[PDB]
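Listed below, chain by chain, are the residues.
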Amino acid sequence: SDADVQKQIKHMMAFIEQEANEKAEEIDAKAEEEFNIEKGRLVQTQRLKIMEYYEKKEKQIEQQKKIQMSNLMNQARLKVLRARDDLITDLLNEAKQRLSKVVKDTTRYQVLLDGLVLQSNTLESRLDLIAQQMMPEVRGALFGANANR
Amino acid sequence: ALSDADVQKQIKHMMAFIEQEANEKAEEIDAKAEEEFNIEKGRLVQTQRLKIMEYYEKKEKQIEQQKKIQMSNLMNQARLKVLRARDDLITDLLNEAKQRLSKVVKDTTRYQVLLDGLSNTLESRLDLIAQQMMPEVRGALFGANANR
Amino acid sequence: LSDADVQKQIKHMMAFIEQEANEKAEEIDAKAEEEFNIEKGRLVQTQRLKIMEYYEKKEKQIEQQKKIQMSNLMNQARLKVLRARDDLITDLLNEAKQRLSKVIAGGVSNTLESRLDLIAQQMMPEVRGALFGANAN
Amino acid sequence: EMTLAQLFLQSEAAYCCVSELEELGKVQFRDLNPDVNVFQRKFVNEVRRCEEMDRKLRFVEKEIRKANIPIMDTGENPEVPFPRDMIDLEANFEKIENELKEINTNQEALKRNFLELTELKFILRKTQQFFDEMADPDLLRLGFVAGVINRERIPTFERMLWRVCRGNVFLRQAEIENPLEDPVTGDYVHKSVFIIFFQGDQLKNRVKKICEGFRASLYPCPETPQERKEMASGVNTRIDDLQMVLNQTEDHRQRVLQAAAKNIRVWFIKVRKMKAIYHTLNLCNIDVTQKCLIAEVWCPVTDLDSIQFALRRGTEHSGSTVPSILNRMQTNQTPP
Amino acid sequence: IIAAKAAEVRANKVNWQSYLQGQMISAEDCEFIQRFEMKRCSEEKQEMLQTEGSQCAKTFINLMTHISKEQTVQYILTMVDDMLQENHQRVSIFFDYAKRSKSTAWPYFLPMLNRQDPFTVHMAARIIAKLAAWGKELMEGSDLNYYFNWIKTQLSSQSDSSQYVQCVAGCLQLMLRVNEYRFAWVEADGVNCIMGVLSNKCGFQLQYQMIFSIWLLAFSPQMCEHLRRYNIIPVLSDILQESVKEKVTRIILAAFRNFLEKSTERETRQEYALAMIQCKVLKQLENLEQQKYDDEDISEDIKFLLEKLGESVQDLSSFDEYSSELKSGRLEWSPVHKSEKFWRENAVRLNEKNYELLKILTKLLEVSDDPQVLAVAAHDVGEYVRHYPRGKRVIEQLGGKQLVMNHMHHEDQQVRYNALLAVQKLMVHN
Amino acid sequence: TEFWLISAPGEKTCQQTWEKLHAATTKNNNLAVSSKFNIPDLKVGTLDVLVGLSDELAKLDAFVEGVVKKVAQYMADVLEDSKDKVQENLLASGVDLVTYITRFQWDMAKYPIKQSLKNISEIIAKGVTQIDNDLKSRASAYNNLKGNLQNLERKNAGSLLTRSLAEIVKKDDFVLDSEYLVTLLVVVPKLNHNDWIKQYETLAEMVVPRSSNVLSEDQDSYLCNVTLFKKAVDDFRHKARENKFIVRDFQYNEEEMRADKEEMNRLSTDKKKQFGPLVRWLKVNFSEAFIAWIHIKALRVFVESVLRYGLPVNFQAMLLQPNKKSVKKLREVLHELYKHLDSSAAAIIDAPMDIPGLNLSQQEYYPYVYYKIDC
Amino acid sequence: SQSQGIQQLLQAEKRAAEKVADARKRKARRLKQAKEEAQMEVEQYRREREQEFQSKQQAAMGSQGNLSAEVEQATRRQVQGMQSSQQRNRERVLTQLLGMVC
Amino acid sequence: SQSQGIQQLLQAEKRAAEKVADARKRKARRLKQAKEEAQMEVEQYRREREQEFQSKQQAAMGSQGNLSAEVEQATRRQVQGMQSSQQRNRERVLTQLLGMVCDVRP
Amino acid sequence: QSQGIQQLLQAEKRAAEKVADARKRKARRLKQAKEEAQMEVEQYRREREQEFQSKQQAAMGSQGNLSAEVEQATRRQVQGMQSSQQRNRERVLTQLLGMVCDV
């Protein structure tokens, strides 16, 4: 009867609406899940890439600092060596001037020349020859011995 | 009438018709046999004709090759003969040259001059000079080669 | 039934047992004959074989020992006679040196000693042939 | 006064000659090869095909009776042509059978499709009628089916629906005036077109199986009024097309059957005589003894000449130069 | 009537001394004729021929030409025919006579064919034919052409006329048996004359002889290729269906075997096979195979003809044939249009070229006005629907449903039936 | 007992329908004892899955009925010694099963209400399946032990040849060092024992007269051992056939006799130790299976009651215990009173079969949800 | 006689069977003649081609003389041309050559 | 009447379709919001580490400057010490070298 | 009874003991016979060894006889060598010295 029609209408209405609401609630819950997992995925990936980038640049910076330090110390070492060499060469030129002085003394230069002749015997050569052989003794005498030897 | 004479005549007609049928079968089969014989004979004769033709065309090809080689050889002998005629020409020329040099060698003044200049026997000079001048001698005796 | 007659079947069974025991005893005696002879013969064959092999090895070692001593005796005979021959040859050359001095010995390296040695070392085959006869072979 | 006789007759003319006899009817043949059973004899092949031809005619004749068409009666009695007119008759009857069978099958299938499509048309029209409270929108959870039921099953069917898929399915029904013919059961019965609405898959299966059990028919239905109009127009055109084709094929059947009834009796007489003649030549001697057929016969004496005369006709009709020959013979066997 | 004439001539002996009395013949000819007539034994006849080989034909020719009486001519012709029949080799002697006369033997008898007595002319023709067939002389030249023309005239005569035509046909069979005379008769219009003689529906004997003539002429491949212009196959098949004598069927079947085996090219073979099939020889051959015969010749011929015809039908059924025909508008009920295997196995190929075949069919069904073409197109469309339901929508897509429905009420009943079948096939299922 | 659970769709409230069903029904006449069911508000789902369940809880009620009755059968068998008051030994709780059911309350601990209906069903299903397998296995093993005992008894039954003599034979009569002598026992019928004294002393041709002796003597037959030589075995048996005796081979299985006695003692002790365990297991498992069954009854009630009455829910179901032969009157009264709560425009009268398809109606349809408990 | 007539027909059929059998035997035997007689034709072919070949070989000798005469005339023309060309230019080549050698 | 129920049914179906479409829109919107929030957090971390990188660079520059100054001072001290040592032995070594040269010993 | 059973138990004990003693005496007899055969073989072998040693010693002297003969053969060959030399010594020396002086 008309009551029957209304009753069936109400029943199907209620159940279709409740099916809709149940779907809506399930969608909302899965949506919160998707919200969480999407934050997780995107943050994880982008953070990983950013960490990689920053860490790589930091490693490059540390390598640059190491190389810069190595160069600085090497230049310090070579500079002290060049100072030492300049000192020793100054000694040699002092010796050369001394020779040029003594040659003026005829009394001494006569004997010295007799000797050389009796022995490229230019003083500019003999001084070089003796000094290159004496280098160890001059090093030891000017700059103190080496303890580690 | 259906008398024994009529029956005999009708059976005789039957005999004649069966004879005709047999005769026609024999004629047909005989013609088929003849055509089969002809085609088989033609097939076999063709197969043998193949071999005969191959053999005798090989022989004729050898004869043609001999003809060609003979003609080529004859042309070659023509060419070599004309070349030999030219070469004999050149040698006659050189011989005239040596004879002329001999005739000069008597002229005392020229002989003295040439000796003053001069294995330097005039013959040696002539062979040496000729073996180098040959290109000009050819150019001047038989015209240049238009293809050059 | 009675004990006397039943003793009959009892004794028949006991005779069955005693006959089985006699069969076993005859088996033991057959062992002591056949297997005992087989074992003694195996032992005898083994002992005799080993002992005779050892005897033959000893005998062959004795015969080889005698063969070696005889071979060395023959060879030393041969080399002794060769030395005897060579000693004769040396005596001949020494006599030649003794006679040459009659004719260092002398000379001028052409000393008579050097010459004589050099000639004799070439004559040898001829000296051998002349003195000890040509080799028939 | 009866007498045996025997005929020598060339095979080529033999058929025609025995035919002339059959028309004459004053001759009684006898088996001359009883040694081999009838079902094995020489001409059996022919007789077999003859029988088959006869069957064909019977079948067509039967359809002739099934329809209202009458069967003529001329009175002519032509003779089967001795030459191989059998091939021509075989082709003719093969056509007059194959056409009739194809027409019958296509008529059946097309009637079925026409009825199904008419049901679909009525369903569409009534569903359109139901979707006419107020269709304000022009155009998915709800599942929807529709079909047709036999009237007076609405009470039981409605009860079953409300009892299985308890209180969760909606059904609307509408009588179909001008009752229709059943798709398969083939009877003019009243029908009601019904639309059922249901929630989800499980109830869909419930109602589908219920209707199938109630020997109903569903067919698809539109989902949108545009689809409804589209498919309604398509079905309305296809129904008329089917009506035209059905009328034309039925006219075709009527015409070929009329043509058949014009000559079915003469066809029967031809093929029957031809069967009888070949069955008779079975009774005569065969090439196992001679290329000329041998016949043995009872005849009354006085008709002999006539028989010979009849034989002559056969020769002339057969065109064989050789004549057939009739010979008497003194005999012992009993005359009939 | 030929045999009866021969028997009457043999019985009716006429004295040859009357001609000698009139000085119309040479005495030697009369003496030789008398000796031969008295010498009937095989040994006696052979000895007389060997001793008087040249004299025999000379005397016969002299008596036949000089004597106006038909009795002597008939007797001489009968004697010569008897000599040839007892031993066909005797021909050589006559040739020797022509060799002795330094002339062809045809001229001595060619005018004889114009003699009054039909029996005499036919006997002379038979003698000439046998002499040609068994000899080394290939008849040629104006005499050969005139002889062929005389045979043609005798054939045009077409029953005593039928009986004489039988002798003419026997001579024709004897001549055609040779290879060269085959081309000789082919070059002449004899093929047309023979086909016409068949058209007259001659007697059984004439029918057999003519069929044999065709069977012989079919042997040489060139003749088989050349004769196609006369389209014998239809007339021969009509005779085969009409007539029943075992001789006619055997000869015609052998003729078909020769035509289908001796053809020069596969193209001619396909042409002959199509001519047979469209003439419905396949069904007749099948029925004949159903029947039983005696000789292995007929059975083997039937089997071979059936095999070749079936292979040709299969070749015609190839979808390439259908596509070529559709491209050429050859919708004339070819074997493919009804081949059940063809449709069942290649209806899908109709989709080829982006519905090109279906478009062609639709265009033909829309424009074609020739009843045969329209009906063929409709039956093809129905076959396409029947053998592949998937195309139904495609047909409806092309509108072919509308065209077929329209053609259903077409003016030509032949088109109407095919259209009805196609429509019923199309509307079989939704 | 028979209990009928009736849906009673509320009628807008618990009072309006439950009161009329119980108090008014009792006041008009004590036709049946009324009680409230008090179903919990489970989590109703979609109508598709709800119908799927109204089929699953059609199947499972029968399956669990079968399992519980199988448990009842096992308790009737294994407890066959004291099967008196079998029902009381089965009660899940309370004093008796009837009391348990009338006071039934859903146990959330057994199954979680907050779960979904399919899951709540699976929870009962798994447990019941395990119960079924356990009843198949453990009861079968106890039956196997009882059958071993029965086979031992059967060995104790029958004649001496059919039975195993074992302890029956006297070991004192056995011949020690029985190398060439033995003892053969072939003696049965007492009808042929009229001269047994001489036969035993002379059964064979070398039989001992002293050692041979009788061990047992039945009313119809006698059993004894007689000494003979090693070779007199078969002949002795032959002689035994001569005196109409039966084969009584023993093979002096004294050690086997001791072993068999020990095995019988161990089997009896194992039965005593295991019946208590299996009986306890059945007593405890019956409570659980019955609880799961009543839970499935409740689930079926709720599923069918929602389906029949659209959401929201109202299922103050009444449990009625029918009186003596009051079924017809009570059912008619319920139908009359339920003509309104449910549609009277359908069903009720009759219906044809609809067997083809996924499901066909299996029970009678009534103008309410109706279910049975058949304790 | 009916038995006599039937026997007559059967004897005639036997005669026809003999006739067809004789024709078949002729065919079968003449197949071997087909195999054998081909020797005559192949021999005639061989002899014909041999005759033609030998005739060609014997007659081919002629062209040699004509070819020789033609080419010899050609070389004679060439040599006369070379000889004339030399005789024209000879003197100046000689005078140059001597001038250079001296 | 017979159609009124159908009207109600279709209207209810549309209500359900709308109420599920709304939830779908909410899901899509919240997914986009999640994407945005993740990106904003990524930006926060990126700028945090940029700041840290800048601090590290500043510290490295300062350390390098300090180290350069220290090592330069060390080298200057070394050179000064070398000069002071040499000034003490200049005359002795010089005399030794000059003497070795002047004494020839042919 | 018990006495009757014991009368046969004694018989069985004796039936076993006879075979036991048979086996024991068989072992003893095998040992004794093997010892006696071994002693016989060993005495025979020792006698053979003594005979072999004596025979080998005697054959040692026998071959020493051939050793002395080989010595005598050496002596004969040496004497032959000396005589053959003596025969031709003079002529060999004369020729050798003569061709030495021939320079």
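Quick summary incoming for the structure in this document.

Turning our eyes to something else, we now look at the interface of chain D and chain F. The interface is formed by 17 residues belonging to chain D together with 25 residues belonging to chain F. If you list the elements that add at least two residues to the side of chain D that touches chain F, you get α4 (154-164) and α5 (201-213) of chain D.

Taken together, the 52 residues of chain H in the interface contact 56 residues of chain A. Partitioning the side of chain H that touches chain A into residue classes produces 24 nonpolar, 13 polar and 15 charged.

Here we come to the sheet that holds strand β3 (residues 181-184) of chain F. Residue and element names in this part refer to chain F. Read from one edge to the other, the open sheet built from three strands follows the order β3-β5-β4, with strand pairing classed as antiparallel. Each edge of the sheet is formed by a strand with only one pairing partner; in this case those strands are β3 and β4 (213-217). Going across the sheet, the axis of each strand differs from the next one's by a mean of 20°, ignoring polarity.

Inter-chain contacts occur across 13 pairs of chains; the most extensive set of contacts lies between chains A and H. There is a clear gap between chain A and chain E: no contact, and 36 Å between their nearest C-alpha atoms. The least C-alpha distance between chain C and chain H, which are not in contact, is 60 Å.

Turning to the sheet that holds strand β7 (residues 370-373) of chain F, a few remarks are in order. All names here are of chain F. Strand order across the open sheet formed by four strands is β2-β6-β1-β7, with antiparallel pairing between neighbours. Lying at the two open borders of the sheet, with one neighbouring strand each, are β2 (32-36) and β7. Along the sheet, successive strands turn relative to each other by an average axial angle of 25°, direction set aside. Sheet analysis places strand β1 (residues 3-6) next to strand β6 (residues 318-322), joined by three bridges and oriented antiparallel. Note on β6: the bridge partner recorded for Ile6 is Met318. On the sheet, helix α7 (residues 254-308) packs against β1 and β7 and is oriented at approximately 175° with respect to β7.

A word on the pattern of salt bridges. A salt bridge links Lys56 of chain D to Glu94 of chain D; the shortest N-O distance between them is 2.8 Å. Remark: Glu94 of chain D occurs in helix α3 (residues 86-130) and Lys56 of chain D occurs in helix α2 (residues 44-66); sequence separation between them is 38 residues. Ionic pairing is found between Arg49 of chain G and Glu52 of chain G, a salt bridge with its closest N-O pair at 3.4 Å. Highlighted residues: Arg49 of chain G and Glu52 of chain G, both in helix α1 (residues 2-59), separated by three residues, approximately one helical turn.

This part covers helix α1 (residues 4-102) of chain H. For α1 of chain H, which comprises 99 residues, the first-to-last C-alpha distance of 140 Å matches the rise-based estimate of 147 Å (1.5 Å per residue) to within 8%. At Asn89 of chain H, α1 of chain H is deflected by roughly 50°, the largest bend along its length.

Rules of the game
Residues numbered from 1 in each chain as written, not as in the entry; some residues may be left out. Chains lettered and ligands numbered in written order. Heavy atoms only, no water. Residues with missing side-chain atoms left out of burial classes, pairs and counts. Contact = heavy atoms within 4.5 Å. Helix = DSSP H or I, 4+ residues; strand = E, 2+ residues; numbered from the N terminus. Nonpolar A, V, L, I, M, F, W, Y, C, P; charged D, E, K, R; others polar. Pairing = 2+ DSSP bridges. Axes fitted to C-alpha atoms, helices over the stretch in contact; angles between N-to-C directions. Salt bridge = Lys/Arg side-chain N within 4 Å of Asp/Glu carboxyl O. Expected span 1.5 Å × (residues − 1). Bend = angle between axes of the 7 residues up to and from the residue.

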